[PDB]
Amino acid sequence: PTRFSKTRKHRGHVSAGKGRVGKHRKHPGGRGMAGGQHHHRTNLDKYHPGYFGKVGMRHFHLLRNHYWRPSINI
Amino acid sequence: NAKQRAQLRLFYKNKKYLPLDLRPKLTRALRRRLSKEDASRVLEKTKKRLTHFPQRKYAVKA
Amino acid sequence: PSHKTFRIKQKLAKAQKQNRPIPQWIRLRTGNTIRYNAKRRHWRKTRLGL
Amino acid sequence: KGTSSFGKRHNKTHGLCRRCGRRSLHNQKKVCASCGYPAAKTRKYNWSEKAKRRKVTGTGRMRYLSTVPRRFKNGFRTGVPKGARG
Amino acid sequence: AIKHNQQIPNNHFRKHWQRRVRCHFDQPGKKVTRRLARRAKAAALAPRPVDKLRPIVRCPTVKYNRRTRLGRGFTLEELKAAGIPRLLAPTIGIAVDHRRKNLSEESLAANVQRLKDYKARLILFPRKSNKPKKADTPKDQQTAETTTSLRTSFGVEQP
Amino acid sequence: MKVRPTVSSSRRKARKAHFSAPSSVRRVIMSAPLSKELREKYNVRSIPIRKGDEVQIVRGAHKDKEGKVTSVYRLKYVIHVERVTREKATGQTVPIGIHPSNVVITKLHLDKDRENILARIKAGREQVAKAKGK
RNA sequence: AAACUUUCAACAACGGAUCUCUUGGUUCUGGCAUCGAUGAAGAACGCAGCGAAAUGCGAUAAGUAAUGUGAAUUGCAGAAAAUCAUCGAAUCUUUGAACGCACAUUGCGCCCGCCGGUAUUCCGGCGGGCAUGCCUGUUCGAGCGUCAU
RNA sequence: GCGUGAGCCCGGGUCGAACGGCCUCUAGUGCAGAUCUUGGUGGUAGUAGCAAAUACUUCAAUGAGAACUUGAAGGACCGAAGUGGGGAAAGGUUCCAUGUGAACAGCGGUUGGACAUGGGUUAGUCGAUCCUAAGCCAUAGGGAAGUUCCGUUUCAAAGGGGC
RNA sequence: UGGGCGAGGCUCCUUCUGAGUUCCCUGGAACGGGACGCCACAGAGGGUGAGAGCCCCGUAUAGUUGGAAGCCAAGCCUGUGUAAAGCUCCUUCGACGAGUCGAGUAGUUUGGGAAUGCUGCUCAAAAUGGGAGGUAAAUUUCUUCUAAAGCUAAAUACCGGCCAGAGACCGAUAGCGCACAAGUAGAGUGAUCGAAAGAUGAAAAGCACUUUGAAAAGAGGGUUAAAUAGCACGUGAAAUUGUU
Ligand SMILES: [Mg+2]
Ligand SMILES: [Mg+2]
Ligand SMILES: [Mg+2]
Ligand SMILES: [Mg+2]
Ligand SMILES: [Mg+2]
Ligand SMILES: [Mg+2]
Ligand SMILES: [Mg+2]
Ligand SMILES: [Mg+2]
Ligand SMILES: [Mg+2]
Ligand SMILES: [Mg+2]
Ligand SMILES: [Mg+2]
Ligand SMILES: [Mg+2]
Ligand SMILES: [Mg+2]
Ligand SMILES: [Mg+2]
Ligand SMILES: [Mg+2]
Ligand SMILES: [Mg+2]
Ligand SMILES: [Mg+2]
Ligand SMILES: [Mg+2]
Ligand SMILES: [Mg+2]
Ligand SMILES: [Mg+2]
Ligand SMILES: [Mg+2]
Ligand SMILES: [Mg+2]
Ligand SMILES: [Mg+2]
Ligand SMILES: [Mg+2]
Ligand SMILES: [Mg+2]
Ligand SMILES: [Mg+2]
Ligand SMILES: [Mg+2]
Ligand SMILES: [Mg+2]
Ligand SMILES: [Mg+2]
Ligand SMILES: [Mg+2]
Ligand SMILES: [Mg+2]
Ligand SMILES: [Mg+2]
Ligand SMILES: [Mg+2]
Ligand SMILES: [Mg+2]
Ligand SMILES: [Mg+2]
Ligand SMILES: [Mg+2]
Ligand SMILES: [Mg+2]
Ligand SMILES: [Mg+2]
Ligand SMILES: [Mg+2]
Ligand SMILES: [Mg+2]
Ligand SMILES: [Mg+2]
Ligand SMILES: [Mg+2]
Ligand SMILES: [Mg+2]
Ligand SMILES: [Mg+2]
Ligand SMILES: [Mg+2]
Ligand SMILES: [Mg+2]
Ligand SMILES: [Mg+2]
Ligand SMILES: [Mg+2]
Ligand SMILES: [Mg+2]
Ligand SMILES: [Mg+2]
Ligand SMILES: [Mg+2]
Ligand SMILES: [Mg+2]
Ligand SMILES: [Mg+2]
Ligand SMILES: [Mg+2]
Ligand SMILES: [Mg+2]
Ligand SMILES: [Mg+2]
Ligand SMILES: [Mg+2]
Ligand SMILES: [Mg+2]
Ligand SMILES: [Mg+2]
Ligand SMILES: [Mg+2]
Ligand SMILES: [Mg+2]
Ligand SMILES: [Mg+2]
Ligand SMILES: [Mg+2]
Ligand SMILES: [Mg+2]
Ligand SMILES: [Mg+2]
Ligand SMILES: [Mg+2]
Ligand SMILES: [Mg+2]
Ligand SMILES: [Mg+2]
Ligand SMILES: [Mg+2]
Ligand SMILES: [Mg+2]
Ligand SMILES: [Mg+2]
Ligand SMILES: [Mg+2]
Ligand SMILES: [Mg+2]
Ligand SMILES: [Mg+2]
Ligand SMILES: [Mg+2]
Ligand SMILES: [Mg+2]
Ligand SMILES: [Mg+2]
Ligand SMILES: [Mg+2]
């Protein structure tokens, strides 16, 4: 509900909690996952080790029903 | 005009072709669609099996 | 110009006939809202496109 | 250019179109800039929704098309009410 | 631009998705329309059940190998074993599938028994009431408690 | 409470229909009750008002005034009653518009048409009463 | 001290905010499938006792027939229903896919028939016709493409 | 009068048909700014200004009112590549008569191309209509998915004279 | 195995629908307040001079008046096996779509990756053959269908068109550009662009008449519940202005 949101509390305060120096611009740093091997590499390496590259072989037209074998313990 | 058109319709009764103003004006598509007999025509092959195996009236007891 | 086609002359006739104030008895009808001719045109004010 | 050149404006690029009635018939090309006359199809473009709706069906009299729904509702019947003078 | 420990976003909204949004405010109205159509077709099929008899069928893959369900229609071999003519089956509420085969005696026998039970429970009215034939119900056992839903009265007893 | 899907309880639609009704519908809209004597005589509760009817005003500043209906101005949803009038500045006399629901009909203008109407209403009312009393 | 400027208040101006209203929008849901060469959509010009527009209509022109209802319409006048509903019969100007050829022209033709002017030939009036692509059929034809006498 | 405060309540006036408190629910929910949007209104300010094209004056009539209405007289200008008399384009009734409150004629206005009510355009000989020019559009054909492009006599069985 | 009726039912058009305007107060007007009653399968909505179940239209319910005949249909009446049709078995036979499939190459496309579909060009088939079986190739099996001809309700999309019902929506700078003679007035050569603008009062009862003025108007007077509600019309803020 809108009456519980913090925007109601920011009324009367210029910059709406986004700061005066940094101004809530459109897309600083890029959209989506831009700069994964660049300015966002520090994040993409601290979290998500293994984001980039290939591992293993491919299976064209994988039919998941071939591998149906749910297990139960004694 | 009404009397003249009534007389003309009487004259053109049982005639194959009658003037366009006397012909019924339903709709272009309605006038162009197939006649009832032509649309209901079926093949002899269909007619035989329709005669000998139609949808029956049946019930299934519980 | 003095040289006119029949179509142009006819349209000028129609414009001239439309150039008039509204009848007085119109304003006396029940529910009337027309105060004046809002589509009035003058040869010095608004140019008609043929 | 400007005021002095505007004084030479005493010719007509466009005249009245016979099909749409607008003063958009190019006098030399003999083609209407609005309705596309004399082409058989009426000029219409999907990048001008306003232009399309200015002349779509329903902006005129609909002399014949307005009577079709009633005739359909009554089934395109013919004849006269059982018991009518004539 | 990621900023914290987030799952990597992959929301496929880079096309103009708003141009193809399908809301479902017509769900109850469509249900009402469906119920009306069902009632109308049941009334049209006045004494008959509203559906066709379906066979028991085993689901294909190694997953779902364990479960049976309803199939499309009975095979020619099943109809022949049950003694129901091929041209007569679809006119008495039996679905026929000409492209399914009976590779196993178990499925063949199960479907044949199903067809035989249906034929035993079938009430066949004569084409003309004043001259019934030998293959029709003779007007005495023509009154009984009938079923109008073969999907329930002839469902999968144990999938 | 309304049930039938063909009936609508829209205020906008009701007002539009009322204020743009054609003349024949306005005739039915401008109905008036009958007096007690006429109601007992004809077994009819209300009828559309007609020019030449005799009415008594039972609401408004002109209560208890009686007179003949001299005009039924449907366009203005009013009637004009004889001698129920007003004076302009010039002293000229103009009729006062009275809504038919504010009057009661004390004497009816009767001709076969106005009567086939009363017989239809009476027969319908009697049948409805009998069916409800079954 | 007045005047002037400013401040405060009452009244009066200017302006159209606020409040209340809403025959209008907007959104959702349900039913239905019906344009046109038998001339559509659209455009033009006209039509009322007194109308410029809007609405309606087409020289039968604010409408005709027919059915239903049952006494109006209304601004004035007038008269003996209605600016009513419904709508199956008609009318439906010039146009427009637009169709004799054209059209920036109310331009220029041809055919059939009738009526007048001494008239198959000219002129005038009236009515009906004359587009293209294609299908089926009809009839008249072309070709040493080809068959028999 | 209450509350630190945002605000809340009351008195008086105006006014005329709906509205509020409490607990939940909901949002297109709180403005001084954005050369913000729309609308309205100021100081400037009775101010800048209304000074090209030689120029007006007397008497009389009209009228509530006359420098810019009219009559007469005088004085002047345009000075036949005119401020003259007629046309083409363009305008469309501005033309004529009668009447005139407001608005407009950046002063006035009795006057007006303004407003209002009525009139006015007469052709075998003047034009269009006929002819062809530059050119444009058909046709036969050929391109092009197609809207359509070329083509104008071109690889076409394309007509008019008499008895 | 062919034909014809068909009660009866569902449709369709049409007639018809309960109850206060009782007494008192306020008011210009009760539709407000108080008292006493009534109807309710109807207390949805709207109008009527202010909040009306009973003043009026409608509203609920299945019925009913008269009519057209659109559908379905229990069951009846009546032809008849030359013909045509199904089933049970069988030695044998068993026709089956070509510049098509397929292959190469090029372009495009696809999640389709030594190439998913499509198309252009070149090559160009076969008869248990052929296609497919998501890694290119040869060989051997297996599985599954049967291309290059064709028709076909429904469940599905869509508020563009014609009707209808609604909303925790907007309320005249909002809501569609348009609540109004709005795709109008107006602008542009043109393609196109494109506004502003709702509310007197219950009822015009829209101010007779006198007087001053050339007139516009003013002052009296009149209408109304109200004119500071007077067609510059409900209320009438601020900016800004005049007087005191
Ligand atoms: Mg802070
Ligand atoms: Mg900032
Ligand atoms: Mg910085
Ligand atoms: Mg930052
Ligand atoms: Mg030039
Ligand atoms: Mg053409
Ligand atoms: Mg139009
Ligand atoms: Mg985008
Ligand atoms: Mg102070
Ligand atoms: Mg004001
Ligand atoms: Mg408001
Ligand atoms: Mg026509
Ligand atoms: Mg023709
Ligand atoms: Mg033709
Ligand atoms: Mg010419
Ligand atoms: Mg000639
Ligand atoms: Mg002669
Ligand atoms: Mg002739
Ligand atoms: Mg002719
Ligand atoms: Mg012939
Ligand atoms: Mg030959
Ligand atoms: Mg009020
Ligand atoms: Mg906001
Ligand atoms: Mg502000
Ligand atoms: Mg701020
Ligand atoms: Mg501004
Ligand atoms: Mg200014
Ligand atoms: Mg000065
Ligand atoms: Mg100067
Ligand atoms: Mg000076
Ligand atoms: Mg000078
Ligand atoms: Mg004088
Ligand atoms: Mg002078
Ligand atoms: Mg000189
Ligand atoms: Mg000189
Ligand atoms: Mg010279
Ligand atoms: Mg001259
Ligand atoms: Mg000259
Ligand atoms: Mg020229
Ligand atoms: Mg003049
Ligand atoms: Mg004069
Ligand atoms: Mg002036
Ligand atoms: Mg002046
Ligand atoms: Mg003047
Ligand atoms: Mg004067
Ligand atoms: Mg004028
Ligand atoms: Mg000449
Ligand atoms: Mg000529
Ligand atoms: Mg020539
Ligand atoms: Mg060409
Ligand atoms: Mg070609
Ligand atoms: Mg009632
Ligand atoms: Mg009282
Ligand atoms: Mg009310
Ligand atoms: Mg009361
Ligand atoms: Mg009520
Ligand atoms: Mg095949
Ligand atoms: Mg191929
Ligand atoms: Mg392939
Ligand atoms: Mg290829
Ligand atoms: Mg490729
Ligand atoms: Mg492509
Ligand atoms: Mg590829
Ligand atoms: Mg494989
Ligand atoms: Mg299989
Ligand atoms: Mg095929
Ligand atoms: Mg196929
Ligand atoms: Mg198909
Ligand atoms: Mg708006
Ligand atoms: Mg406004
Ligand atoms: Mg707007
Ligand atoms: Mg323009
Ligand atoms: Mg207002
Ligand atoms: Mg007073
Ligand atoms: Mg006041
Ligand atoms: Mg007031
Ligand atoms: Mg006011
Ligand atoms: Mg102020």
Side-chain angles (χ1 to χ4, degrees), chain A residues 1-3 11 58 60-61, chain B residues 1-2 20-21 23 25 27-28 48 51-52, chain C residues 1 5-7 10 12 14 16 18 20-23 25-26 28-29 33-34 37-39 43-44 46, chain D residues 10-11 13-15 18-21 24 27 30 33 40 48 51 54-55 57 60 62 64-65 68-70 72 74 77-81 84-86, chain E residues 25-26 29 85 87 129-130, chain F residues 1-3 5 7-12 14-16 18-20 22-24 28-29 31-33 46 50-51 58-61 72-73 75 86 88-91 96-97 99-102 113 120-121 123-125 127-128 131:
Chain A
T2 67
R3 74 197 181 282
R11 284 279 188 258
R58 265 142 26 182
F60 304 148
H61 187 234
Chain B
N1 210 254
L20 307 183
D21 38 345
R23 290 177 194 198
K25 170 147 184 167
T27 287
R28 186 178 169 119
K48 289 171 178 173
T51 278
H52 289 288
Chain C
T5 69
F6 182 84
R7 307 191 140 102
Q10 195 179 245
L12 301 175
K14 204 223 208 323
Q16 174 180 141
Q18 303 201 150
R20 76 157 279 187
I22 70 134
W25 60 267
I26 293 281
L28 274 299
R29 291 161 335 161
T33 36
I34 298 153
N37 199 352
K39 301 187 182 181
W43 67 276
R44 260 281 179 69
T46 281
Chain D
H10 44 72
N11 286 297
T13 289
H14 297 104
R18 275 189 267 105
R19 192 157 80 181
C20 72
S24 43
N27 280 324
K30 299 296 183 181
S48 202
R54 279 172 192 129
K55 65 196 183 195
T57 297
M62 266 151 99
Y64 172 77
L65 195 49
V68 179
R70 158 154 57 91
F72 163 79
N74 295 311
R77 65 184 172 183
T78 36
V80 175
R85 298 201 300 220
Chain E
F25 304 114
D26 59 317
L87 293 172
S129 50
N130 60 297
Chain F
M1 190 63 228
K2 64 179 180 180
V3 293
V7 184
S8 86
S9 61
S10 178
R11 171 181 179 86
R12 174 179 166 182
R15 293 194 96 249
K16 182 185 175 72
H18 173 85
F19 286 116
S20 75
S23 190
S24 67
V28 184
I29 282 175
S31 301
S46 303
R50 189 203 188 285
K51 183 178 179 180
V58 304
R59 276 295 188 277
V72 182
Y73 226 127
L75 191 67
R86 214 207 169 285
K88 291 160 77 31
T90 52
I96 281 170
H99 199 264
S101 65
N102 278 345
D113 271 0
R120 280 192 273 114
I121 299 191
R125 264 169 62 86
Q127 195 278 29
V128 153

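Sequence lines set the chain letters: A, B, ... in the order given, protein chains first and strands last, and positions in each chain run from 1.
Distance noted for atom P between I:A164 and I:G188: 44 Å (whole Å). Taking the P atom of each, I:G75 and I:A40 are spaced 46 Å apart, rounded to whole Å. When the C1' atom is used for both I:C207 and I:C231, the distance is 13 Å, rounded to whole Å. Separating the P atom of I:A125 from that of I:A85 is a span of 44 Å, rounded to the nearest Å. With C1' as the reference atom, G:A43 and I:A153 are 44 Å apart, rounded to whole Å. Taking atom P on both nucleotides, H:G108 is separated from H:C68 by 14 Å, rounded to a whole Å. Separating the P atom of I:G49 from that of I:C16 is a span of 27 Å, rounded to the nearest Å.
Judged by the 3.5 Å cutoff on both pairing distances, H:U153 and H:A66 do not qualify as a Watson-Crick or G-U wobble pair. In this structure, H:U122 forms no base pair with H:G112 under the Watson-Crick or G-U wobble definition at 3.5 Å.
Searching all strands for a Watson-Crick or G-U wobble partner of H:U69 with both distances below 3.5 Å returns H:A61. Summarising the base pairing, I:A168 is matched to no nucleotide, lacking a Watson-Crick or G-U wobble pair whose two defining distances lie under 3.5 Å. Pairing of I:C118, defined by two Watson-Crick or G-U wobble distances under 3.5 Å, is identified with I:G107. Using the Watson-Crick or G-U wobble rule with both distances under 3.5 Å, I:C142 pairs with I:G133. I:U192 is paired with I:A187 under the criterion used here, namely a Watson-Crick or G-U wobble arrangement in which both key atom distances are under 3.5 Å. G:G49 is paired with G:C76 under the Watson-Crick or G-U wobble criterion, all donor-acceptor distances under 3.5 Å. As the counterpart of G:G113, G:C126 is assigned, both hydrogen-bonding distances of the Watson-Crick or G-U wobble pattern falling under 3.5 Å. Pair assignment for H:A133: none, as no Watson-Crick or G-U wobble contacts are both less than 3.5 Å.
Nearest nucleotide to the side chain of B:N1, out of G:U91, I:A181, G:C87: G:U91. For D:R77, the listed nucleotide lying nearest its side chain is G:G88; candidates were G:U23, G:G88, I:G2. Side-chain atoms of A:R58 lie closest to I:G113 of the nucleotides I:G2, I:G49, I:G113. The nucleotide whose nearest atom lies closest to any side-chain atom of C:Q18 is, among I:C162, G:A53, I:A205, G:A53. The listed nucleotides are I:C77, I:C56, I:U64; the one nearest the side chain of E:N130 is I:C77. For B:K25, the side-chain atoms get nearest to G:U38 when compared with the rest of I:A181, G:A72, G:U38. With I:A60, I:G47, G:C87 as the candidates, the nucleotide lying closest to the side chain of F:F19 is I:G47. For C:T46, whose side chain is taken as the heavy atoms from C-beta onward, the closest listed nucleotide among G:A53, G:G96, I:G186 is I:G186. In this structure, of I:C76, I:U224, G:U29, it is I:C76 that holds the atom nearest to the side chain of E:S129. Distances were taken from every side-chain heavy atom of F:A89 (C-beta onward) to each of I:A84, G:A52, I:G206; the shortest belongs to I:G206.
Between the base of I:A204 and the side chain of F:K88 there is no donor-acceptor pair shorter than 3.5 Å. At a cut-off of 3.5 angstrom, counting only N and O atoms as typed in the model, there is no donor on one side facing an acceptor on the other between the side-chain of D:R18 and the base of G:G96. Side-chain to base pairing of A:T2 with H:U29: one donor and one acceptor N or O lie within less than 3.5 Å of each other. For F:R12 and G:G25, a side-chain-to-base donor-acceptor distance below 3.5 Å is present, hydrogens and geometry of angles not being considered. Interface remark: the B:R28 side chain does form a donor-acceptor pair with the G:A37 base, using a distance-only criterion of under 3.5 Å.
Using a 5.5 Å limit on the distance between ring centres and a 30° limit on the angle between planes, the aromatic ring of A:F60 counts as stacked on the six-membered base ring of I:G113. Ring-base stacking between E:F25 and G:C28 is not satisfied when judged by a centre separation under 5.5 Å and a plane angle under 30°. Between the side-chain ring of F:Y73 and the base of G:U74, a stacking contact exists by the 5.5 Å and 30° definition. Ring-base stacking between A:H61 and I:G134 is satisfied, the centre separation being under 5.5 Å and the plane angle under 30°. Applying the 5.5 angstrom centroid cut-off and the 30 degree plane-angle cut-off, the aromatic ring of C:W43 is not stacked upon the base of H:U94. Residue side chain C:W25 meets the stacking definition with respect to G:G75: its ring centre sits within less than 5.5 angstrom of the base's six-membered ring centre, and the planes differ by less than 30 degrees.
In this structure, F:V7 reaches the bases: a heavy-atom distance under 4.0 Å links it to at least one base atom across the strands shown. B:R23 comes within contact range of at least one nucleobase, with a heavy-atom separation under 4.0 Å. Within 4.0 Å (heavy atoms only), F:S8 reaches at least one base atom of the nucleic acid. Residue F:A61 is classed as a base contact, given a heavy-atom separation below 4.0 Å to a base. Within 4.0 Å of D:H14, counting heavy atoms only, lies at least one base atom of the nucleic acid. Backbone-only contact: F:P22 has heavy atoms under 4.0 Å from sugar-phosphate atoms and none from a base. No contact: F:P100 has no heavy atom under 4.0 Å from any strand. Contact annotation for F:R120: backbone-only contact, meaning every heavy-atom pair under 4.0 Å involves sugar-phosphate atoms and none involves a base. Within the nucleic acid shown, C:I22 comes within 4.0 Å of at least one base atom, counting heavy atoms only.
Taking syn as a glycosidic angle within 90° of 0, H:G43 does not qualify and is anti. H:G42: glycosidic angle beyond 90° from 0, hence anti. Glycosidic conformation, G:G51: syn, with the torsion inside 90° of 0. Syn is the conformation of H:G92, whose glycosidic angle sits no further than 90° from 0. For I:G70, the glycosidic angle deviates from 0 by more than 90°, giving an anti base.
In this structure, the side chains of C:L12 and C:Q16 stay at 4.5 Å or more apart for every pair of heavy atoms. Between F:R50 and F:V72 the shortest side-chain heavy-atom distance does not fall below 4.5 Å.
The phosphate of I:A44 (OP1 or OP2) has no side-chain N or O of F:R11 nearer than 4.0 angstrom. Under 4.0 angstrom from either OP1 or OP2 of G:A97 there lies at least one side-chain N or O belonging to D:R19.
With RNA chain I read from its 5' end, the first of the two nearest nucleotides for C:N37 and D:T13 is the one closest to C:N37. Nearer the 5' end of RNA chain G, as judged by each residue's closest nucleotide, is the contact made by C:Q10, out of B:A2 and C:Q10. RNA chain I is contacted by both F:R125 and F:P33; F:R125 maps to the nucleotide lying nearer its 5′ end (nearest heavy atom per residue). Projected onto RNA chain G by closest heavy-atom contact, C:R20 and F:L75 fall at different nucleotides, the more 5' of which corresponds to C:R20.
A pairwise comparison of heavy atoms in D:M62 and D:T57 identifies SD-CG2, 4.1 Å as the closest pair.
In this structure, F:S24 engages the minor groove, with at least one side-chain heavy atom under 5.0 Å from a minor-groove atom and none near the major-groove set.
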